[PDB]
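No lab work stands behind these numbers, since they all come straight from the coordinates. Here Cβ is always computed from backbone atoms with ideal geometry, including for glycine, and neighbour counts include all displayed protein chains.
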Amino acid sequence: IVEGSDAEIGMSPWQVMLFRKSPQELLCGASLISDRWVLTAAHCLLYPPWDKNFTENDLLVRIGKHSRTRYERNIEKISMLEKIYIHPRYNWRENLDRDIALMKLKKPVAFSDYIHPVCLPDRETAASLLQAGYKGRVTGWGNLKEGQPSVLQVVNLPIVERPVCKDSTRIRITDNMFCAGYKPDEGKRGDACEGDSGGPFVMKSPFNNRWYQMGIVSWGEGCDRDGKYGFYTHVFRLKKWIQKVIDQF
Amino acid sequence: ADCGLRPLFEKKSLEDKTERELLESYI
Amino acid sequence: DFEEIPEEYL
Ligand code: NA
Ligand code: NA
């Protein structure tokens, strides 16, 4: 995260760390959406251009963490993967369209003060809060600049108008994507960065006061560059895919 | 059912230090 | 840089 702050303890109890077994190291962000389902970006697991294609057996998810590197005894839980599911139309060849994946844990994770699922939005929550100007929050252990944080980092970011997202890049942006970030104008700044990938873009509903994951950290051009904005997978847009996978398995 | 409610914050009716910046953005 | 996670989980 660029230009963000240390998280408070318990602040993002749904925050999940994707971890490489050997070499042990951070893979990506991710989130907890029930007791054995973890939501992340497809490109965390599959990205042929960089020779990324993981299997279940190559990974663990580390739930309830605060510190990046330390094995938080008595606090974090670490689970194994029953099965990786990637969106069957995820577009890694062109623009990361539908950048999304589900992970089933081998056994259920025990909820605690530091571990708790986030909600997934409903059309109406999605319709009400997915508005230019509306701020969401992004969290992750990724780069601090376009180095590494000691603890989970956090930044709040405004959702940017669609033509501005579009006018900010050469890539083709779709309806399964949104962008967030301040303008050069707005003085304030902040952004996700490499290693934040697959983490949650969440919002707090003013209607029922629960947190909803509206987005997944997906991509950008540099980190925290003026006139550039971060791109997020539009979680409501693919929720019928999320439900299908969940129902079926 | 209890998603999105944080044991150390909403369940204790404790606010985090910047959650209001989100609220305030929600005209 | 990463503290040894337990052996068990691996
Ligand atoms: Na453009
Ligand atoms: Na930027």
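For segment A:179-199, does any single residue satisfy the condition of being within 16 Å of ligand 1 (Cβ to nearest atom) and under 23 Å from A:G29 (Cβ atoms)? Within segment A:179-199, one or more residues are within 16 Å of ligand 1 (Cβ to nearest atom) and under 23 Å from A:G29 (Cβ atoms). Residue-level check: of (1) within 19 Å of A:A132 (Cβ to Cβ); (2) away from ligand 2 (no atom under 16 Å from the Cβ), A:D226 misses just (2). Apart from one condition, A:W37 fits all of (1) within 11 Å of another protein chain (Cβ to nearest Cβ); (2) under 20 Å from B:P7 (Cα atoms); the exception is (1). Report whether or not A:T125 is within 18 Å of A:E194 (Cα to Cα), more than 16 Å from ligand 2 (Cβ to nearest atom) and among the hydroxyl-bearing types (S, T, Y). Here the answer is no, as A:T125 does not meet what is asked.
Scanning segment A:146-181 for residues that are part of a loop (DSSP other than H, G, I, E, B), within 11 Å of ligand 2 (Cβ to nearest atom) and small (G, A, S) yields A:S168, A:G181.
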